[PDB]
Amino acid sequence: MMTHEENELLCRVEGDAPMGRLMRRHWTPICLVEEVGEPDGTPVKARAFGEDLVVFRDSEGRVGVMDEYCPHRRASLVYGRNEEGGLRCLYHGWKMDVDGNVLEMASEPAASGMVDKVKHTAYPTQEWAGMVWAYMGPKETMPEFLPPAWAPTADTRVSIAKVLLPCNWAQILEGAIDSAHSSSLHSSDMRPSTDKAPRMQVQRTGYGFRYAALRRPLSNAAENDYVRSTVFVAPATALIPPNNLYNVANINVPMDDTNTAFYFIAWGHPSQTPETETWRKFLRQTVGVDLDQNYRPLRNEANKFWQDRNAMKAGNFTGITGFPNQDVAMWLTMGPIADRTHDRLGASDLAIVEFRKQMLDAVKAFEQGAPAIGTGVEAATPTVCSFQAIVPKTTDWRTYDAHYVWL
Amino acid sequence: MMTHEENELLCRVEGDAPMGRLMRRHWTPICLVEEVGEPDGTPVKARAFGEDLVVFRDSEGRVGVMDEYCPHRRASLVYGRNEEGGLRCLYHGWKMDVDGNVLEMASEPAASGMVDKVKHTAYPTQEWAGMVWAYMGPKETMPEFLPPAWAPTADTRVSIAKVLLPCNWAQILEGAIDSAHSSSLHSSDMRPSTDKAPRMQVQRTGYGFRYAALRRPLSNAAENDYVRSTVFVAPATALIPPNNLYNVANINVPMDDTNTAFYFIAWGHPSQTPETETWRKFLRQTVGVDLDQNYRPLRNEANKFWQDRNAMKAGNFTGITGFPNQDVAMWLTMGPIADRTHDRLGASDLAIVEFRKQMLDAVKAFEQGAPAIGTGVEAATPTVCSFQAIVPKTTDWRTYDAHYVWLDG
Amino acid sequence: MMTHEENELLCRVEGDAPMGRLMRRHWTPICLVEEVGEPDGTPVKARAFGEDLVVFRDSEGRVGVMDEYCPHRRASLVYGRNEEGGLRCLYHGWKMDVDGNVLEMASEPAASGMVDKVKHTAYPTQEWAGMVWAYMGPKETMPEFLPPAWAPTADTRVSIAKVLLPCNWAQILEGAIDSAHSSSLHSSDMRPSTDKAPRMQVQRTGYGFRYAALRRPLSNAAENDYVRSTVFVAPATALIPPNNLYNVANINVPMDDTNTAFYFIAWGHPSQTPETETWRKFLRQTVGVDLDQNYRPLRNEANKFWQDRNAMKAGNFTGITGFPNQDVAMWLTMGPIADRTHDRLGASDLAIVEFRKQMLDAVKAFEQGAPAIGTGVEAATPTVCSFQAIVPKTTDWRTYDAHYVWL
Amino acid sequence: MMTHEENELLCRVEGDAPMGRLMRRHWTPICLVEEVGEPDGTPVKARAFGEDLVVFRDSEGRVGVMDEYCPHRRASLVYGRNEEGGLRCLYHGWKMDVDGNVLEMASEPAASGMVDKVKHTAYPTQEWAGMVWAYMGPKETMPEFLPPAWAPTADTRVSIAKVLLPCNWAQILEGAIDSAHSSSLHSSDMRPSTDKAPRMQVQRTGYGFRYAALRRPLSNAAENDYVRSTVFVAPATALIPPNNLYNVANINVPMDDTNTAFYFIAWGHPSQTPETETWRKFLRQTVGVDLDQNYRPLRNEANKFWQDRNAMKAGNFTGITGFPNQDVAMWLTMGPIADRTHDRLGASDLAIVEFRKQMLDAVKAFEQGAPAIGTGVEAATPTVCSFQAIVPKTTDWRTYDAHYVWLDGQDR
Ligand code: FES
Ligand code: FES
Ligand code: FES
Ligand code: FES
Ligand SMILES: [Fe+2]
Ligand SMILES: [Fe+2]
Ligand SMILES: [Fe+2]
Ligand SMILES: [Fe+2]
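Chains as they are written, first to last, in the entry's author numbering: chain C, 1 to 190, 207 to 423; chain F, 1 to 190, 207 to 425; chain E, 1 to 190, 207 to 423; chain A, 1 to 190, 207 to 428.
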């Protein structure tokens, strides 16, 4: 049984919070590449770990991620002019480059003490797989940026739905490591199985854990299992089981203690992996249709996530369209921070139990001096993958030589 | 560098707050005269210093400013019947006059002495320069109402834009004593200088301070300065440099700790000064177009103050229309109470630093029992004015004998 | 100069108007396959040549295209129940199959054999390339359905934007055979040339014509021509010059005399050709963003097609987003039926002149009993293709051996 | 098969049109009582047979129905002041009484000979059964006003849904003389029968016709019939079969050739008949929810009458809420004026066939000088009533001694 205090430790990320300090030891997505446009594009507002950030791509094509508020008198830089190699605040014309250097102050003299040497909070960035990433941890702790398990290479197609969700990251992450839920919630959105009650096994690792959900297959149940294996990559990534054509990953980024940037990714061979808008349409996460311009969902508690009771009477399980929308209805109705003090977990919760244990330990150990889970030598790499396959009851799923879906 | 505690002391006005108590030693604008209409007109809701007020113009034409909540069981009087010399609560028919006497209790037997016992809290009021004013301090401290420096007399055209802004008053006031910002923020809304970096000087006074921004003028920069002088009139009024035709003033009234009634005033000779709707259209502060019926801006953070990025690519500096809306975008994005603990000020902030020093000092002194800054003998006058002028480098600006713009210059 | 009577002959299609009789000798797109759904799906409203149609996919997966009004008392069958092998009107329960046989009249005695005697107007249909096609000509004139030039085969990716436009088809058609327009209208959306004034050459065929716009190339304009060839496929199809990756076609179907279903198609090899939603987003034709649910544009004359004057001052040519929406602005402002009586045509209009001449000749010939242009032996095939290429000055562009783009 | 010319003759009512003339020989509902308010109430805009009307209740409680446009320069009197025994035009202050007499002209010299010489077109009116009625025919043809069949007495509860529909009156009327439609269209809205194909029989009368829909009952089907008898009262009223508690009638007033005021009425003993808002909610014809403030439906073609495809997949027949909205979807999708030249009518259409033949004869006869159908000693009275009952096959339904539903199971 978790305690109130453990819940807080697990979930809070703003400012002081140990869990944030840990998370900030990993490279984090801040926003989509598509949001920042061309050189001199419109500046973008973002939010990670309780901090408001401005993101902008300068004349040379470099992407900056900085504190949103001007270093001078803290007007929002989102309104500023992005040109001639920096972002210029509207108010008194201080201009910053993408590394946070103040290149100029319109109403100030000279250069030696205030003009150049003043440095606006700004983080290292990278662009990869359709996202802008930043390292928001102590600077001297920044590792080399390496390909995530779900975007191994410059030629993988990566297609992203982003949805800003008004609840804490941990209940969303839990929903990616919860194989049984597909067999209820997603049962109108379907495998060689109808088994609703899979056996769970978890293998902890240095970066998180891998787990397998074992279902009785429709044929030769005596002989084999339907294995679906998911990878938990700490702090807040799941590699969930692929389909026959492409892979699927979830990364979640805490905007603050009660909001999360949810990224749902189709990835694989370009000829077998949907493009962005196809993927969004399939998921019902189309900007302008399912989401507003800020990728916030139009489905909400007051319209019951557009649930359709007549669809449900007709045999549609949830009456909610777009399987992630079905997920969201469940997560948001748990409240801004799910109260895990009131859970009644079961066999199906095994990987969620492992998540809670592992992450609580990892944050206490980190606070006492260990490496942040999944950093340095520990890291997951693209050798890590989820998969699904009919497997011999006498083969160890943990040693099964599965690779990501390609060609 | 201010502490959190100094920032609280400067900014908070509600209830006890020292700065509220200081500010209430001065007559305060409550709402526009336009809002109260005619005798027996619709009652108006206002808020000052964290109090909800009802304002109304009775059958004899007198304006009352009173606590909004009925003294019986505290239903809002804003819904009541304004007629026959009083405001009558709908609920049980208690009727108050402009001075908060209860004239009548519809359901109370004249038997009891109740009707003459209850007095509703109501403030002394004045109407002047198109505003309803009230005196919200301890009554025995009420001074004679004298004209503001920006409304000298009955023959002055005074044209007002009112905007209710969801931030704290002090960040708004600071935006009025901040000469350098025009040269960036308002650069597409232009004077005989292209100088963006004015050198600043202040002269402290009994009622606040005057400051001058000096810029190199376009011609004869060798021997002359372009002097723009702004007057800070404590607690929260800036006489901003005039143009060639008319004067510009700003008075800010805290509605509470995180909201302010902003009044942006064109005043001068009628023949040279725009009318109200012309001024509002010029500033894009038109009720029904830029503002709702309560004078709240339709521009906001969610719509990004209607900033148009294509206009900015085309060369417009802020892509925001109406110069005060460009100011508002900056003030509001600093958050409901700007955190000055995080400022990094520079040369261009000298008046703002002065303001913080003087007001923190004035509030401390006032708590210790000194008179509230700018009251009694020390009060600003119509002779105090902002000014703009090409001035010889050998003339001390503090010495320039300026008058407020009138006719012919 | 065209006369009023020639303008009407060319443009009108309702009733027995000869041009509509001519067009109905060709298999015609009625709606997209994506509107009709699964077996027993929601019936769809369509309109072609002045007739309101209902389209539905029955329980066996067959598509019907039928007069919209019930043959009983003419209630709309769009509201009917699509199930159990047919479409049943709500009012008295008459049930039709996709061939317009009445299977049952809920309320009629079976004895007075009326159920066998009543047939409902229903048209032969075909599904191909993501569209539902019908043959709306006299029944015995129905030709074998062959693949159109832009959808050669079952392994071609065809991605379709559909827009319902409130003007007559012919002006929309003309817009696809008007090469010089790209060099103005679409100048901010572009090429091997900045020649704004192409010289024009046309070659008539039995199914339409091909033309070439010849531009001065970026140099070697002494040696070469930059050739873009478009193919007019009568009556209302334009195969437009490819890009280096995929092919583009336009087929327009008159809904009536003043409205047109506009189909703008990307087609080619699946790995080089965008998916539907990608195509629609590129063109700003996304349902729910640019279009309402009936595929009508939200851009219109009262909102000036969302023309942004600020973008124009910043150097964007039109201030209108999505190049087809730029064309649409121009077409709809010419009025419901463009008044060709008041054109002042120039050299750039040669292909438009050919079209006017050929279609007026075609329909005049057809009234006197000539086979409809482009039917039978003369019909365009996938060997007929548009192209674009530098063409050393000394070659007949007419002899150029282009194929569509594939890999 | 009707001709185009016969369709036009049956349906058009504006101005000269003979059907318009025929219909105007009957007292006509113009609006609901509840629209006219109290004395000095807000003037009401109404429209019958192609004329725009203003309706107001004056200071003394009387109701006027008059040409909407001021007799002076034709400004709308709907905007005028209703006070001091009259309606005064805002423009130049001409003031008219409910009889159309000009009481005053604000700007005309007191003894300008013009005052008591201008008469504005104003019709005789009657208030009854929660409606304002007017006599819009030639004044010397006006008959005494008698109770409608469906509102026999001052003690009767009458509850009305009014809906302004954008189609011609005749296709709406036909919808009420079409027993078979209920067994399909209204099959999710349901009786001692599941028979979908009633046998039909008609009995012509001097005011219209009665018809009987005969279905096999669910018990003793070989001996007994379930009889639903509807009465058509010309020109545009149907007394529809009652239920066990109360009575149901439809009166339709053409607003012009392509718009119709539809009144749908529950009536009977006050303790057995729902109140107005009850009835409206049940039918989904509530103002502010189903209808705008002018009683126009928010359900339309563009939103497919809010047809819910999922409800249909779950087994609801039409996916449209409130049985009249189901009717309306069918009527309006036939077009502003249904084209009867393209019908293919079967046995179920017998009452509609009869209505078409009867009303085309009546308007032909009338145009040539016969009395208007259903005027005079010929008038339907409250003795005429629809009914529903199980009846032995050996009994003639024409003979069944029906009375309108009243109390318990006893007559009135
Ligand atoms: S607040 Fe940004 S430059 Fe002054
Ligand atoms: S609350 Fe105001 S009179 Fe009672
Ligand atoms: S109108 Fe369709 S079955 Fe009667
Ligand atoms: S128009 Fe009515 S009084 Fe003149
Ligand atoms: Fe899920
Ligand atoms: Fe400003
Ligand atoms: Fe074009
Ligand atoms: Fe019905």
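Just so it is clear, CB atoms sit at the ideal spot from N, CA and C, and this is done for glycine as well.
Cβ-based neighbour list, residue 76 of chain E, same chain, cut-off 7 Å, excluding 5 preceding and 5 following: Apart from the 5 residues on each side of it in sequence, residue 76 of chain E sits with its Cβ closer than 7 Å to the Cβ of 68 and 69 in its chain, given in chain order.
What does the Cβ neighbour count give for residue 309 of chain A, buried or exposed, with the cut at 16 atoms within 10 Å? Under this definition residue 309 of chain A is an exposed residue.
On the premise that residue 161 of chain C lies in contact with residue 296 of chain C, defined as a C-beta separation below 8 Å, what is that separation, rounded to the nearest angstrom? Between the beta-carbon of residue 296 of chain C and that of residue 161 of chain C there is about 5 Å, and that keeps the pair under the 8 Å contact cut.
Rank E:48, E:6 and E:80 by C-alpha distance to the C-alpha of residue 41 of chain E and give the top, closest one. Of the candidates E:48, E:6 and E:80, E:80 places its Cα closest to the Cα of residue 41 of chain E.
So if DSSP puts residue 356 of chain E in a beta bridge, which residue, or which two residues, is it bridged to? Beta-bridge annotation (DSSP): residue 356 of chain E is not paired with any residue.
Spatial neighbours of residue 125 of chain C within its chain, please: CB distance less than 7 Å, with the 5 preceding and 5 following residues excluded, ordered by chain position. Closer than 7 Å at the Cβ level, and outside the excluded window around residue 125 of chain C, lie 63, 64, 65, 132, 133 and 134.
Can you say whether residue 171 of chain C is buried or exposed, counting buried as having 16 or more other CB atoms within 10 angstroms of its CB? Residue 171 of chain C comes out buried.
Could you tell me how far apart the beta carbons of residue 234 of chain A and residue 214 of chain A are, in whole angstroms, since I believe they sit closer than 8 Å? Distance from residue 234 of chain A to residue 214 of chain A at the Cβ level is roughly 14 Å; contact not present, criterion being Cβ atoms closer than 8 Å.
List the residues that DSSP assigns as beta-bridge partners of residue 63 of chain F. According to DSSP, residue 63 of chain F bridges with F:57.
Any chance the CB of residue 100 of chain C is under 8 Å from a heavy atom of ligand 7? For ligand 7, no non-hydrogen atom lies closer than 8 Å to the CB of residue 100 of chain C.
Selected residue, minimal CA-CA separation from residue 237 of chain C, among C:45, C:282 and C:406: Restricting attention to C:45, C:282 and C:406, the CA atom closest to the CA of residue 237 of chain C is found in C:406.
What does residue 302 of chain C touch in chain E if you count any residue whose Cβ is under 9 Å from its own? Close partners of residue 302 of chain C in chain E (Cβ separation under 9 Å): 293, 302, 304 and 305.
Residue 159 of chain C to residue 320 of chain A, Cα distance in whole Å? Going from the Cα of residue 159 of chain C to the Cα of residue 320 of chain A covers about 36 Å.
How many angstroms separate the CA atom of residue 140 of chain F from the CA atom of residue 25 of chain F? Each residue's alpha carbon lies about 11 Å from the other.
For ligand 3, is there a heavy atom less than 8 Å away from the beta-carbon of residue 345 of chain A? Checking the Cβ of residue 345 of chain A against ligand 3 gives no.
Hey, which residues come within less than 7 Å of ligand 2, measuring from Cβ to any heavy atom, in chain order? Every residue whose Cβ sits closer than 7 Å to any heavy atom of ligand 2 is listed here in chain order: F:70, F:72, F:73, F:74, F:75, F:89, F:91, F:92, F:93 and F:94.
Could you please give me the residues that DSSP links to residue 280 of chain C through a beta bridge? The partner list for residue 280 of chain C (beta bridge, DSSP) reads C:161 and C:266.
Could you check if residue 61 of chain E is buried or exposed, using at least 16 other CB atoms within 10 Å of its CB as the buried criterion? Exposed, since its Cβ has fewer than 16 Cβ neighbours within 10 Å.
Does the region 327-340 of chain A come close enough to the region 363-374 of chain A to have 3 or more Cβ pairs within less than 8 Å? Of all C-beta pairs linking the region 327-340 of chain A to the region 363-374 of chain A, fewer than three are shorter than 8 Å, placing the two stretches out of contact.
Any beta strand (DSSP E) of 3 or more consecutive residues that is wholly inside the region 126-186 of chain E: Whole beta strand (DSSP E) segments, 3+ residues: 131-134 and 157-165.
Nearest neighbour of residue 130 of chain F, chosen from F:28, F:45 and F:322 [CA to CA]: Here the closest residue by C-alpha is F:28.
Please list the terminal residues of the continuous alpha helix (DSSP H) segment that includes residue 389 of chain A. Taken as a continuous stretch (DSSP letters only), residue 389 of chain A belongs to no alpha helix (DSSP H), as it is neither H nor E.
Could you pull out every residue in the same chain whose Cβ sits closer than 7 Å to the Cβ of residue 379 of chain E, ignoring the five residues on either side in sequence? Correct list, in chain order: 9, 18, 19 and 22.
Please state the DSSP three-state secondary structure of residue 334 of chain A. Coil.
How about residue 320 of chain E: is its C-beta nearer than 9 Å to some C-beta of chain F? Chain F, which has no Cβ nearer than 9 Å to the Cβ of residue 320 of chain E, makes this no.
With residue 173 of chain E and residue 275 of chain E assumed to form a contact (beta carbons below 8 Å), what rounded beta-carbon distance in angstroms separates them? Their Cβ separation, rounded to whole angstroms, is 14 Å, which puts residue 173 of chain E and residue 275 of chain E out of contact at 8 Å.
I'd like to know whether the C-beta of residue 336 of chain A is nearer than 9 Å to at least one C-beta of chain E. Yes, contact with chain E.
Spell out whether any CB of chain C is found under 9 Å from the CB atom of residue 360 of chain F. At least one chain C Cβ lies under 9 Å of residue 360 of chain F.
Do we get a CB-CB distance below 9 Å when we pair residue 2 of chain A with the residues of chain E? Not one chain E Cβ lies under 9 Å of residue 2 of chain A.
Host beta strand (DSSP E) of residue 45 of chain F (start-end): If you look at residue 45 of chain F, you'll find it in the beta strand (DSSP E) that goes 44-48.
Option nearest residue 324 of chain A by Cα separation, candidates A:311, A:345, A:312 and A:105: Comparing alpha carbon positions, the residue from A:311, A:345, A:312 and A:105 closest to residue 324 of chain A is A:345.
When Cβ atoms are compared, which residues of the region 118-149 of chain C fall closer than 9 Å to chain F? Per Cβ criterion, the list reads 118.
Under three-state DSSP, which class holds residue 207 of chain A? Annotated three-state conformation of residue 207 of chain A is coil, per DSSP.
Contact set for residue 389 of chain F: own chain, Cβ-Cβ below 6 Å, skip 5 residues either direction: Excluding positions up to five away in sequence, the list reads 250 and 378.
When A:102, A:153, A:289 and A:111 are compared against residue 127 of chain A, the one with the closest alpha-carbon: Checked all of A:102, A:153, A:289 and A:111; the closest Cα to residue 127 of chain A is A:153.
Do residue 267 of chain A and residue 282 of chain A have their C-beta atoms closer together than 9 Å? Not a contact, by the Cβ cut-off of 9 Å.
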